[PDB]
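Asker: Mind looking over this structure? Questions follow.
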Amino acid sequence: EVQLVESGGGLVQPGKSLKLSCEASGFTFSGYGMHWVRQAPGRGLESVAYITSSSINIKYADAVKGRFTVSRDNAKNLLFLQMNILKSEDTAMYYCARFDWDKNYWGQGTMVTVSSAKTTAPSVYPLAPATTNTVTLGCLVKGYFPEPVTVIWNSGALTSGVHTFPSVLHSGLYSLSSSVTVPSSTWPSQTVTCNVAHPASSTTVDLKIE
Amino acid sequence: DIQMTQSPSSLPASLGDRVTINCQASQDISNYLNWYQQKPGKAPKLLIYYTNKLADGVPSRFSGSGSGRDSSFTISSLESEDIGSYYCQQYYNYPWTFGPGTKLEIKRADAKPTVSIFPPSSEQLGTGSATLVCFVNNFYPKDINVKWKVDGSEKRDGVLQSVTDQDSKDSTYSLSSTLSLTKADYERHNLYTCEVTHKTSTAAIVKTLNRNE
């Protein structure tokens with residue numbers, strides 16, 4: 001019924017601009033006040049901007065004042081967010097939303113990534129040691145951009161004792177690790193291979209531990 | 001700017017338990033308070049509006065109550081699908097402000113971490129870089145301190161850490177800590193320690209690596 005579809009997101013270099021569009025359906029768009037709300041990674045939610053049905057009153061967050069511009073095309077059922085002079089502090093999931101007295105409708109969201117980095121294929125490194133009757137191994141998936149990467153063990157057959165960690169951003173590039181704990185009698189007699197995929201760079205790497 | 005306060009920050013609980021989160025506004029919000037639930041990778045979902053009204057299609061186990069600046073949110077019998085974050089938001093004055101959030105977690109027995117230290121791989125050293133990894137796995141509670149010492153000196157430059165979400169199978173937490181150095185800076189030292197402090201032990205768990213061995 002009521003649908004909100006954001007578009008325009010993606011990777012951006014710092015200081016450059018981006019235009020977010022939100023297409024509305026299943027309601028009289030021209031009769032509603034619309035919102036832009038953002039969520040930074042690991043951070044909470046922040047209201048970005050508000051525009052009335054007629055565009056008469058517009059409100060902004062102090063973090064975005066004089067940099068961002070809300071607009072709407074009621075004839076084309078579109079909400080826009082013109083984001084200028086972009087900072088890494090603007091990296092967030094952006095949502096267009098309609099707030100009723102008793103209901104809320106949010107879009108899917110578009111990730112806006114503010115980074116001076118460009119598409120980089122990750123380097124996959126083995127983690128092997130140099131009692132609990134267990135041994136821990138792993139993979140280090142270093143310096144890739146953009147997100148995501150998919151990590152698996154033995155083509156997805158091995159999920160028990162696996163821990164894939166949230167990625168960490170440093171110097172514009174992502175890094176991530178995955179640990180696999182197996183009974184010690186089982187290694188190296190039973191092979192452990194991590195499978196890494198970075199679709200953005202069309203990377204598919206397999207790495208056998210030891 | 002009305003500042004929204006949320007207590008507690010984290011709430012450990014068991015399935016079937018009655019759970020109550022508290023919300024505090026910096027000034028009177030005339031019952032204009034919303035409660036949302038948020039799960040990883042998804043948009044917030046409205047559960048309660050106008051302090052105590054149940055949104056359409058929201059399960060019966062959810063409720064709210066509030067007197068001016070003080071407000072509360074209740075789950076009468078906790079379901080596994082309720083494990084996530086909860087936010088309270090005022091819509092009395094723009095900008096509409098959200099609280100920090102309350103994460104519900106599954107209550108569990110205490111569990112000592114399993115610490116494993118790893119040198120940079122020879123493949124990485126060939127590229128002129130050196131990353132040391134330390135896995136601190138299957139611990140409970142969530143609160144832990146993980147540090148790198150290099151020749152006895154606490155090292156913070158080039159250290160990154162991340163913690164997994166509460167495990168589905170065992171309800172523990174796991175942490176990966178990474179120390180990134182140049183090959184030149186790695187070769188400048190010998191002793192690399194991953195020092196772990198957890199409430200399950202007064203003494204630190206210490207895993208060391210000697211660059212020479």
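Starting from 1 in every chain, residues are counted up; chains themselves are A, B, ... following the order of the structure tokens, and ligands are numbered from 1 as listed.
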Within 10 Å of residue 93 in chain A, counting only C-alpha atoms, which residues show up once you throw out same-chain ones fewer than 6 positions away? Write them as a VMD selection string, please.
Answerer: (chain A and resid 9 to 10 37 to 41 45 108 to 113) or (chain B and resid 41 to 43)
Asker: Mind dumping the selected residues with N, CA, C and O atoms as a PDB file, in the first residue's frame?
Answerer:
```pdb
ATOM      1  N   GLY A   9      21.863   7.338  -3.080  1.00  0.00           N
ATOM      2  CA  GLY A   9      22.938   7.004  -2.156  1.00  0.00           C
ATOM      3  C   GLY A   9      24.179   6.433  -2.822  1.00  0.00           C
ATOM      4  O   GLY A   9      24.252   6.225  -4.043  1.00  0.00           O
ATOM      5  N   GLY A  10      25.167   6.203  -2.000  1.00  0.00           N
ATOM      6  CA  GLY A  10      26.409   5.628  -2.453  1.00  0.00           C
ATOM      7  C   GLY A  10      27.628   6.298  -1.871  1.00  0.00           C
ATOM      8  O   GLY A  10      27.572   7.050  -0.884  1.00  0.00           O
ATOM      9  N   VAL A  37      15.467  11.420   7.912  1.00  0.00           N
ATOM     10  CA  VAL A  37      16.058  10.966   9.173  1.00  0.00           C
ATOM     11  C   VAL A  37      17.278  10.136   8.778  1.00  0.00           C
ATOM     12  O   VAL A  37      17.248   9.444   7.756  1.00  0.00           O
ATOM     13  N   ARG A  38      18.358  10.238   9.544  1.00  0.00           N
ATOM     14  CA  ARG A  38      19.554   9.455   9.272  1.00  0.00           C
ATOM     15  C   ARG A  38      19.999   8.653  10.491  1.00  0.00           C
ATOM     16  O   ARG A  38      19.701   9.025  11.640  1.00  0.00           O
ATOM     17  N   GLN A  39      20.695   7.539  10.224  1.00  0.00           N
ATOM     18  CA  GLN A  39      21.287   6.698  11.247  1.00  0.00           C
ATOM     19  C   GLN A  39      22.756   6.417  10.897  1.00  0.00           C
ATOM     20  O   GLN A  39      23.024   5.691   9.932  1.00  0.00           O
ATOM     21  N   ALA A  40      23.703   6.965  11.685  1.00  0.00           N
ATOM     22  CA  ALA A  40      25.143   6.707  11.454  1.00  0.00           C
ATOM     23  C   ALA A  40      25.532   5.299  11.931  1.00  0.00           C
ATOM     24  O   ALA A  40      24.835   4.768  12.801  1.00  0.00           O
ATOM     25  N   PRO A  41      26.582   4.652  11.352  1.00  0.00           N
ATOM     26  CA  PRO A  41      26.928   3.279  11.783  1.00  0.00           C
ATOM     27  C   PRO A  41      27.260   3.206  13.265  1.00  0.00           C
ATOM     28  O   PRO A  41      28.047   4.013  13.768  1.00  0.00           O
ATOM     29  N   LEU A  45      19.791   7.432  15.868  1.00  0.00           N
ATOM     30  CA  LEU A  45      18.979   8.110  14.882  1.00  0.00           C
ATOM     31  C   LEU A  45      18.927   9.603  15.142  1.00  0.00           C
ATOM     32  O   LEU A  45      18.874  10.045  16.296  1.00  0.00           O
ATOM     33  N   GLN A 108      13.255   2.200   2.632  1.00  0.00           N
ATOM     34  CA  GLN A 108      14.255   1.126   2.812  1.00  0.00           C
ATOM     35  C   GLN A 108      15.581   1.701   3.364  1.00  0.00           C
ATOM     36  O   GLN A 108      16.288   1.029   4.108  1.00  0.00           O
ATOM     37  N   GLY A 109      15.865   2.947   2.997  1.00  0.00           N
ATOM     38  CA  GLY A 109      17.072   3.679   3.335  1.00  0.00           C
ATOM     39  C   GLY A 109      18.130   3.529   2.260  1.00  0.00           C
ATOM     40  O   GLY A 109      18.175   2.504   1.566  1.00  0.00           O
ATOM     41  N   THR A 110      18.972   4.559   2.093  1.00  0.00           N
ATOM     42  CA  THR A 110      20.123   4.517   1.182  1.00  0.00           C
ATOM     43  C   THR A 110      21.330   4.891   1.978  1.00  0.00           C
ATOM     44  O   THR A 110      21.326   5.922   2.673  1.00  0.00           O
ATOM     45  N   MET A 111      22.362   4.056   1.897  1.00  0.00           N
ATOM     46  CA  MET A 111      23.606   4.342   2.566  1.00  0.00           C
ATOM     47  C   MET A 111      24.322   5.416   1.787  1.00  0.00           C
ATOM     48  O   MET A 111      24.399   5.338   0.558  1.00  0.00           O
ATOM     49  N   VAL A 112      24.810   6.432   2.508  1.00  0.00           N
ATOM     50  CA  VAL A 112      25.648   7.497   1.992  1.00  0.00           C
ATOM     51  C   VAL A 112      26.971   7.292   2.722  1.00  0.00           C
ATOM     52  O   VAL A 112      27.013   7.342   3.953  1.00  0.00           O
ATOM     53  N   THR A 113      28.024   6.976   1.963  1.00  0.00           N
ATOM     54  CA  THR A 113      29.362   6.729   2.494  1.00  0.00           C
ATOM     55  C   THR A 113      30.278   7.862   2.051  1.00  0.00           C
ATOM     56  O   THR A 113      30.498   8.041   0.855  1.00  0.00           O
TER      57      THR A 113
ATOM     58  N   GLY B  41      20.354  -3.907  10.365  1.00  0.00           N
ATOM     59  CA  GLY B  41      20.121  -3.758   8.932  1.00  0.00           C
ATOM     60  C   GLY B  41      18.747  -3.241   8.547  1.00  0.00           C
ATOM     61  O   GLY B  41      18.485  -3.002   7.360  1.00  0.00           O
ATOM     62  N   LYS B  42      17.867  -3.035   9.547  1.00  0.00           N
ATOM     63  CA  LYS B  42      16.506  -2.588   9.293  1.00  0.00           C
ATOM     64  C   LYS B  42      16.165  -1.219   9.880  1.00  0.00           C
ATOM     65  O   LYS B  42      16.813  -0.758  10.819  1.00  0.00           O
ATOM     66  N   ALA B  43      15.163  -0.556   9.283  1.00  0.00           N
ATOM     67  CA  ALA B  43      14.649   0.748   9.707  1.00  0.00           C
ATOM     68  C   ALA B  43      13.962   0.626  11.074  1.00  0.00           C
ATOM     69  O   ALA B  43      13.489  -0.451  11.420  1.00  0.00           O
TER      70      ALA B  43
END
```
Asker: Up to 8 Å from chain B, what residues of chain A turn up? Count only C-alpha atoms and give them as a VMD selection string.
Answerer: chain A and resid 44 to 47 59 to 61 101 to 104 106 to 109 125 to 130 136 163 to 168 177 179
Asker: Go ahead and dump the residues you just picked, N, CA, C and O atoms, as a CSV table (one decimal), in the first residue's frame.
Answerer:
```
chain,number,residue,atom,x,y,z
A,44,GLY,N,23.1,6.3,17.0
A,44,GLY,CA,21.6,6.4,17.0
A,44,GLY,C,21.1,7.1,15.8
A,44,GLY,O,21.8,7.4,14.8
A,45,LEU,N,19.8,7.4,15.9
A,45,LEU,CA,19.0,8.1,14.9
A,45,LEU,C,18.9,9.6,15.1
A,45,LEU,O,18.9,10.0,16.3
A,46,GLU,N,19.0,10.4,14.0
A,46,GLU,CA,18.9,11.8,14.0
A,46,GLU,C,18.0,12.3,13.0
A,46,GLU,O,18.0,11.8,11.9
A,47,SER,N,17.2,13.3,13.3
A,47,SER,CA,16.3,14.0,12.4
A,47,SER,C,17.1,14.9,11.5
A,47,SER,O,17.8,15.7,12.1
A,59,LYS,N,12.5,22.9,8.0
A,59,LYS,CA,13.3,22.9,9.2
A,59,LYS,C,14.5,21.9,9.0
A,59,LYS,O,14.3,20.9,8.3
A,60,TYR,N,15.6,22.3,9.6
A,60,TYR,CA,16.8,21.5,9.5
A,60,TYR,C,17.5,21.2,10.9
A,60,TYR,O,17.2,21.9,11.8
A,61,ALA,N,18.3,20.2,10.9
A,61,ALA,CA,19.1,19.9,12.1
A,61,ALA,C,20.3,20.9,12.1
A,61,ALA,O,20.7,21.3,11.0
A,101,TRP,N,-0.1,10.8,13.4
A,101,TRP,CA,-0.4,10.9,14.8
A,101,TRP,C,-0.3,9.5,15.5
A,101,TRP,O,0.1,9.4,16.6
A,102,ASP,N,-0.6,8.5,14.7
A,102,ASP,CA,-0.6,7.1,15.1
A,102,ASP,C,0.2,6.1,14.3
A,102,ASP,O,0.2,4.9,14.6
A,103,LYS,N,0.8,6.5,13.2
A,103,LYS,CA,1.5,5.6,12.2
A,103,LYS,C,2.8,6.3,11.8
A,103,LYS,O,2.9,7.5,11.8
A,104,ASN,N,3.7,5.5,11.3
A,104,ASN,CA,5.0,5.9,10.7
A,104,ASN,C,5.3,5.0,9.5
A,104,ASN,O,5.0,3.8,9.5
A,106,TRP,N,8.4,4.4,6.7
A,106,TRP,CA,9.8,4.7,6.4
A,106,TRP,C,10.2,4.0,5.1
A,106,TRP,O,9.5,3.0,4.8
A,107,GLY,N,11.2,4.5,4.5
A,107,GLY,CA,11.6,3.9,3.3
A,107,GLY,C,12.6,2.8,3.6
A,107,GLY,O,12.8,2.5,4.8
A,108,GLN,N,13.3,2.2,2.6
A,108,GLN,CA,14.3,1.1,2.8
A,108,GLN,C,15.6,1.7,3.4
A,108,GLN,O,16.3,1.0,4.1
A,109,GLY,N,15.9,2.9,3.0
A,109,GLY,CA,17.1,3.7,3.3
A,109,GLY,C,18.1,3.5,2.3
A,109,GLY,O,18.2,2.5,1.6
A,125,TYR,N,44.6,-12.9,4.5
A,125,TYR,CA,45.7,-13.4,5.2
A,125,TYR,C,45.3,-14.5,6.2
A,125,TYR,O,44.3,-14.3,6.9
A,126,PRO,N,46.1,-15.6,6.3
A,126,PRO,CA,45.7,-16.7,7.2
A,126,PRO,C,46.1,-16.4,8.6
A,126,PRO,O,47.1,-15.7,8.9
A,127,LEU,N,45.3,-16.9,9.6
A,127,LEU,CA,45.6,-16.7,11.0
A,127,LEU,C,45.8,-18.1,11.6
A,127,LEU,O,44.8,-18.9,11.7
A,128,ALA,N,47.0,-18.5,11.8
A,128,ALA,CA,47.4,-19.8,12.4
A,128,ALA,C,48.3,-19.6,13.5
A,128,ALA,O,49.1,-18.6,13.5
A,129,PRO,N,48.2,-20.3,14.6
A,129,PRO,CA,49.1,-20.1,15.8
A,129,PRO,C,50.6,-20.3,15.5
A,129,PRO,O,51.0,-21.1,14.7
A,130,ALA,N,51.5,-19.5,16.2
A,130,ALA,CA,52.9,-19.6,16.1
A,130,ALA,C,53.6,-20.6,17.0
A,130,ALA,O,52.9,-21.2,17.8
A,136,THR,N,42.1,-22.3,17.6
A,136,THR,CA,41.4,-21.2,16.9
A,136,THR,C,42.3,-20.7,15.7
A,136,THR,O,43.5,-20.6,15.9
A,163,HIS,N,33.0,-17.1,14.1
A,163,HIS,CA,32.6,-15.8,14.5
A,163,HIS,C,33.2,-14.9,13.5
A,163,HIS,O,34.4,-14.9,13.2
A,164,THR,N,32.3,-14.1,12.8
A,164,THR,CA,32.7,-13.2,11.8
A,164,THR,C,32.4,-11.8,12.4
A,164,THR,O,31.3,-11.6,12.9
A,165,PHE,N,33.5,-11.0,12.5
A,165,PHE,CA,33.5,-9.8,13.3
A,165,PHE,C,33.0,-8.6,12.4
A,165,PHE,O,33.3,-8.6,11.2
A,166,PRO,N,32.4,-7.6,13.1
A,166,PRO,CA,32.0,-6.4,12.3
A,166,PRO,C,33.2,-5.7,11.8
A,166,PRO,O,34.3,-5.7,12.4
A,167,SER,N,33.1,-5.1,10.5
A,167,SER,CA,34.3,-4.5,10.0
A,167,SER,C,34.7,-3.2,10.7
A,167,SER,O,33.9,-2.7,11.5
A,168,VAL,N,35.9,-2.7,10.5
A,168,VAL,CA,36.4,-1.5,11.1
A,168,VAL,C,36.9,-0.6,10.0
A,168,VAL,O,37.6,-1.1,9.1
A,177,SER,N,37.9,-9.5,10.3
A,177,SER,CA,38.4,-10.8,10.6
A,177,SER,C,37.3,-11.8,10.9
A,177,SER,O,36.2,-11.4,11.3
A,179,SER,N,37.0,-15.7,13.0
A,179,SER,CA,37.7,-16.8,13.8
A,179,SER,C,36.9,-18.1,13.6
A,179,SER,O,35.6,-18.0,13.6
```
Asker: Using backbone DSSP assignments, extract all strand (DSSP E) residues from range 101-143 of chain A; output them as a ChimeraX atom specification.
Answerer: /A:104-106,110-114,123-127,134-143
Asker: Those same residues - N, CA and C atoms - I'd like them written as a PDB file, in the first residue's frame.
Answerer:
```pdb
ATOM      1  N   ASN A 104       3.707   5.458  11.286  1.00  0.00           N
ATOM      2  CA  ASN A 104       4.968   5.891  10.711  1.00  0.00           C
ATOM      3  C   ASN A 104       5.260   5.023   9.505  1.00  0.00           C
ATOM      4  N   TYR A 105       5.783   5.648   8.460  1.00  0.00           N
ATOM      5  CA  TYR A 105       6.163   4.952   7.243  1.00  0.00           C
ATOM      6  C   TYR A 105       7.557   5.395   6.907  1.00  0.00           C
ATOM      7  N   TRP A 106       8.434   4.442   6.730  1.00  0.00           N
ATOM      8  CA  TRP A 106       9.825   4.701   6.441  1.00  0.00           C
ATOM      9  C   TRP A 106      10.152   4.021   5.146  1.00  0.00           C
ATOM     10  N   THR A 110      18.972   4.559   2.093  1.00  0.00           N
ATOM     11  CA  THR A 110      20.123   4.517   1.182  1.00  0.00           C
ATOM     12  C   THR A 110      21.330   4.891   1.978  1.00  0.00           C
ATOM     13  N   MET A 111      22.362   4.056   1.897  1.00  0.00           N
ATOM     14  CA  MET A 111      23.606   4.342   2.566  1.00  0.00           C
ATOM     15  C   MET A 111      24.322   5.416   1.787  1.00  0.00           C
ATOM     16  N   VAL A 112      24.810   6.432   2.508  1.00  0.00           N
ATOM     17  CA  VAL A 112      25.648   7.497   1.992  1.00  0.00           C
ATOM     18  C   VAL A 112      26.971   7.292   2.722  1.00  0.00           C
ATOM     19  N   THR A 113      28.024   6.976   1.963  1.00  0.00           N
ATOM     20  CA  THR A 113      29.362   6.729   2.494  1.00  0.00           C
ATOM     21  C   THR A 113      30.278   7.862   2.051  1.00  0.00           C
ATOM     22  N   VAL A 114      30.774   8.646   3.007  1.00  0.00           N
ATOM     23  CA  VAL A 114      31.682   9.746   2.697  1.00  0.00           C
ATOM     24  C   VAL A 114      33.081   9.215   2.995  1.00  0.00           C
ATOM     25  N   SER A 123      42.912  -7.966   0.792  1.00  0.00           N
ATOM     26  CA  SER A 123      44.006  -8.900   0.929  1.00  0.00           C
ATOM     27  C   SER A 123      43.553  -9.879   2.015  1.00  0.00           C
ATOM     28  N   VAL A 124      43.601 -11.177   1.692  1.00  0.00           N
ATOM     29  CA  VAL A 124      43.168 -12.224   2.605  1.00  0.00           C
ATOM     30  C   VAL A 124      44.385 -12.925   3.167  1.00  0.00           C
ATOM     31  N   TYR A 125      44.555 -12.850   4.495  1.00  0.00           N
ATOM     32  CA  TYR A 125      45.687 -13.434   5.198  1.00  0.00           C
ATOM     33  C   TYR A 125      45.269 -14.511   6.187  1.00  0.00           C
ATOM     34  N   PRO A 126      46.052 -15.615   6.263  1.00  0.00           N
ATOM     35  CA  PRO A 126      45.720 -16.684   7.213  1.00  0.00           C
ATOM     36  C   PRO A 126      46.099 -16.366   8.646  1.00  0.00           C
ATOM     37  N   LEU A 127      45.323 -16.862   9.595  1.00  0.00           N
ATOM     38  CA  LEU A 127      45.615 -16.726  11.014  1.00  0.00           C
ATOM     39  C   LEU A 127      45.771 -18.128  11.583  1.00  0.00           C
ATOM     40  N   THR A 134      40.947 -27.428  22.012  1.00  0.00           N
ATOM     41  CA  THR A 134      40.520 -26.700  20.828  1.00  0.00           C
ATOM     42  C   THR A 134      41.655 -25.840  20.282  1.00  0.00           C
ATOM     43  N   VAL A 135      41.562 -25.504  18.985  1.00  0.00           N
ATOM     44  CA  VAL A 135      42.481 -24.604  18.300  1.00  0.00           C
ATOM     45  C   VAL A 135      41.670 -23.581  17.525  1.00  0.00           C
ATOM     46  N   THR A 136      42.079 -22.287  17.606  1.00  0.00           N
ATOM     47  CA  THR A 136      41.431 -21.198  16.899  1.00  0.00           C
ATOM     48  C   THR A 136      42.285 -20.746  15.731  1.00  0.00           C
ATOM     49  N   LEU A 137      41.645 -20.605  14.576  1.00  0.00           N
ATOM     50  CA  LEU A 137      42.298 -20.129  13.372  1.00  0.00           C
ATOM     51  C   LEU A 137      41.505 -18.920  12.882  1.00  0.00           C
ATOM     52  N   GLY A 138      41.841 -18.432  11.701  1.00  0.00           N
ATOM     53  CA  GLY A 138      41.074 -17.340  11.147  1.00  0.00           C
ATOM     54  C   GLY A 138      41.577 -16.783   9.850  1.00  0.00           C
ATOM     55  N   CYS A 139      40.958 -15.672   9.458  1.00  0.00           N
ATOM     56  CA  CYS A 139      41.271 -14.904   8.273  1.00  0.00           C
ATOM     57  C   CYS A 139      41.205 -13.451   8.583  1.00  0.00           C
ATOM     58  N   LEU A 140      42.150 -12.713   8.014  1.00  0.00           N
ATOM     59  CA  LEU A 140      42.217 -11.285   8.111  1.00  0.00           C
ATOM     60  C   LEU A 140      41.914 -10.797   6.688  1.00  0.00           C
ATOM     61  N   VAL A 141      40.824 -10.025   6.534  1.00  0.00           N
ATOM     62  CA  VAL A 141      40.382  -9.471   5.253  1.00  0.00           C
ATOM     63  C   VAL A 141      40.665  -7.997   5.338  1.00  0.00           C
ATOM     64  N   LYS A 142      41.829  -7.627   4.818  1.00  0.00           N
ATOM     65  CA  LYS A 142      42.430  -6.313   4.942  1.00  0.00           C
ATOM     66  C   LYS A 142      42.295  -5.358   3.751  1.00  0.00           C
ATOM     67  N   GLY A 143      41.972  -4.108   4.086  1.00  0.00           N
ATOM     68  CA  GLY A 143      41.933  -2.968   3.198  1.00  0.00           C
ATOM     69  C   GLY A 143      41.119  -3.078   1.943  1.00  0.00           C
TER      70      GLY A 143
END
```
Asker: Report, in Å to a single decimal, how far apart CA of residue 8 in chain B and CA of residue 199 in chain B are.
Answerer: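 For CA of residue 199 in chain B relative to CA of residue 8 in chain B, the distance reads 19.5 Å.
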Asker: Can you list, as a list in words, every protein, DNA or RNA residue that comes within 8 Å of residue 144 in chain B when you count only C-alpha atoms, leaving out same-chain residues fewer than 4 positions away?
Answerer: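 So, after excluding close chain neighbours, the residues are residues 196, 197, 198 and 199 of chain B.
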